[PDB]
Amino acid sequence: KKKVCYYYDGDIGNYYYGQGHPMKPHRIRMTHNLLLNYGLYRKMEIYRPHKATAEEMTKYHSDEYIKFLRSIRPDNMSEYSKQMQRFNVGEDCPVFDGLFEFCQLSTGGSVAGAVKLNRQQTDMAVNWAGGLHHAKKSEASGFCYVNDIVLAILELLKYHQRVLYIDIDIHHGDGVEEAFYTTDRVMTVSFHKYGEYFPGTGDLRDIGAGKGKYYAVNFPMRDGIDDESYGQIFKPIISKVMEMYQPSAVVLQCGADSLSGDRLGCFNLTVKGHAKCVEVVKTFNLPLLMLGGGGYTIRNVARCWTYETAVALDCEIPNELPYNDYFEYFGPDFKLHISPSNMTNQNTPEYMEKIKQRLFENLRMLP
């Protein structure tokens, strides 16, 4: 069947955002340990990504911002207060030990993955430490400092005329959208919570500009969407995008903060419902880069990305979790799949149908 390359650096789990910060890079090491215990390592090639250089990052980001990220340290923040304000670093995007190397490792895997797809050495590349969709050319945002997605897409664009980016993180992928907002060579499609919610962008009316008009697609949702409502909008929209846009490569950001029970998210998807998106994208048989993203209930991120790796591999894995280094975290059930909550779905059928119809109208405006 299909070949799968997978990127993991065993140091990624050691980076620490600071006491009380919801972002926990350990979740990637948990993910990896669970998947190795299911035996999915016998079925894919595992590579340690090279660290992305600062020069590689300045393909998109400004030199002064990258020089700042490379220079700032917890003990020198006082000498950089004007730069912190300029680049939005210090609060929600804190300065921690090893910040710059954390950026190099996350970016390294995404770019390596793109390179391996360009060379046709693989069908699918996976980098769960990637997916940092909020970072901007000269600004950190939303816990993200360097936009690994944009840099991987710039690499795909050397060999692919049209690239399709799909984003199922609960948040609008605003950094990626902004990077490509005036081009038709990248189509961005984001499903997200919208309305008094971070980052504030991703309105139905934001459809791109210039040559990029109609090549940005946003599906704004309210709280509580569930597996059935979501899957009934995802498949028809992505089907129509594939038909109208005909991309030659696809990048899928699989942020797990859209899962029921997420610490910061308000959606009601299960692991099966989230992974249904992966299965759908796979049926189009295009070179695929699968990336991580948000996810704050870390036992549920590990289950989500494990199951999505198995989907990538076309492997049915048992519901009963194998023994692993983090086994106790998954109690008291020790199952792979999760139950939705009883939260109210605030997306009415009329609302969902009205949005879908507008997006179909916009997709009909493509060449």
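Whichever C-alpha set is largest while still superposing within 1.5 Å between the two forms counts as the rigid core. So that there is no doubt, residue numbering starts at 1 and follows the sequence shown.
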item	value
Farther-lying stretch by C-alpha RMS in 5 other deposited structures of this protein (rigid core fit) among 115-123, 73-81	73-81
163-171 set against 206-214, stretch whose average Cα temperature factor tops the other in the entry	206-214
Higher-scoring stretch by recorded Cα B factor average, 251-259 or 91-99	91-99
Selection by C-alpha B-factor (highest) of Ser141, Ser71, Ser190, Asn285	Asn285
From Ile233, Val241, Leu157, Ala179, residue of greatest CA B-factor	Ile233
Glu45, C-alpha B-factor rank within chain (lowest, middle or highest third)	highest
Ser106 - Cα temperature factor, lowest/middle/highest third of chain	middle
Chain thirds of CA B-factor: placement of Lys335	highest
Third of the chain's Cα B-factor distribution that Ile225 belongs to, per the entry	middle
Position of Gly195 among the chain's modelled residues by C-alpha B-factor, lowest, middle or highest third	highest
